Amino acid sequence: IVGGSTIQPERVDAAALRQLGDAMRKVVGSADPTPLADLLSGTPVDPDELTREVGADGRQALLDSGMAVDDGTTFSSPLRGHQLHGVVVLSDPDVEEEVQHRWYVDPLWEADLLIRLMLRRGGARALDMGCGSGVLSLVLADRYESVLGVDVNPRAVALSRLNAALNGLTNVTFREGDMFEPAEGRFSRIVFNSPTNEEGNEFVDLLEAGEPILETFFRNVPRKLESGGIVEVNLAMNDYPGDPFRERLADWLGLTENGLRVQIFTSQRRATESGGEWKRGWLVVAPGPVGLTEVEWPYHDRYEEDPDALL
């Protein structure tokens, strides 16, 4: 029921979308919301006051793109607006798992934290695997010559395209497909906010896809990464007695065979039923001495006390 709305940025001229994006820049994320900020907060709004804020040509762009729905008396939006790290972003509202459509898009559960963890370097060509709303691609666009975002959710591809247009970003491309199959060539930068959490090995849905999605990602990383490239992954990791995640990870990447260096920064951990362990952390592949290192970095705790310990 949440996450199935039609999103059609192709039905709106890019100049009209850029203007809606500039209007969002003024009001989204600011106290004392205007009608447009009310609309993109999930509050029904009077179409006339909307029109006075975005014009008569913005109101129809809201409708043609799917950003807004005509209820007759009011306008309402299935999407919610954010402004962070120099971009405006629409995504689905944060709702419980039981009311999520199969094409529900990550409502930015961790995006703001992950952007602060990301290395601040730029480079030639970046890949956003599982791009969702497109948020990570939009931020990378400001320091990469081109960015490709990939998602198997076609609604996320459409939302990403819409968010790119709202921001007037022209060096970002999005493609529908399964993992690396639409990503041709090599990349200097690969980011993956992985759909893994509490499901262990089980595929539950596109947002909890099981460890096999990590195995496919890491097995194919070495042939997609430019030499000297950087990979950054948000992931949940399961250690089992006699079978720690890090050993499987070393096998998937071919650490020695491909000459790669990996660092795992573990932020949260808990004992599990098997006598093993669940962990959430941040994994970086970056040039340096071959092998694997794991360190404790409670960045969730630090984020909650002060978002400023970037890196």
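One-based numbering along the sequence shown.
- Mean CA temperature factor is higher for 68-76 when stretches 214-222 and 68-76 are set side by side in the entry.
- Legend: mean Cα B-factor per stretch from the PDB entry, 145-153 versus 237-245; the higher mean is in 237-245.
- The top Cα temperature factor in the record, among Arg161, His82, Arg120, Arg125, falls on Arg120.
- For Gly228, the recorded CA temperature factor ranks within the highest third of the chain's modelled residues.
- Among the modelled residues of the chain, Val2 sits in the lowest third by CA temperature factor in this PDB entry.
- The deposited CA B-factor of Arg261 belongs to the middle third of values across its chain.
- For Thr170, the recorded CA B-factor ranks within the highest third of the chain. Only modelled residues enter the ranking.
- Sorting the modelled residues of the chain by their CA temperature factor places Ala31 in the highest third.
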